[PDB]
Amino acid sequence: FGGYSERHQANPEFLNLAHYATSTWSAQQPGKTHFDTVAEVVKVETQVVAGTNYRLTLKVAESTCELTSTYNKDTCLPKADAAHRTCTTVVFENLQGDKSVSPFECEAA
């Protein structure tokens, strides 16, 4: 139940949302003189998105482990030589436990 579920016609919620989307989108394209509108709602699917976003500011450094090996935090320790970099990421974690890791942004200094 983490994916979409088909529906729909017997509710204006979906229609009024199709209109929103279509005027919103088409009022930004090039070559456009008119709003686009809805000729027909063909299919509707809903999917609940619930979880929590983890914005992590981190000191990051080259570890002792090679990419060829399986990463373990207890033994892939930070190299005493390595430069520390201040980095930011967001990790999203829905109820299922599935995580996605936004691309690290790091201060260049």
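Just count from 1 along the sequence shown to find any residue number.
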| query | finding |
| --- | --- |
| Interval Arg7-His8, deposited residues with no coordinates in the entry (none, 1 to 3, 4 to 9, 10 or more) | 1 to 3 |
| Entry-level comparison of average CA B-factors, 42-50 and 71-79, reporting the higher stretch | 42-50 |
| Stretch exceeding the other in mean C-alpha B-factor - 58-66, 22-30 | 22-30 |
| Record-listed C-alpha B factor of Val91: chain third | middle |
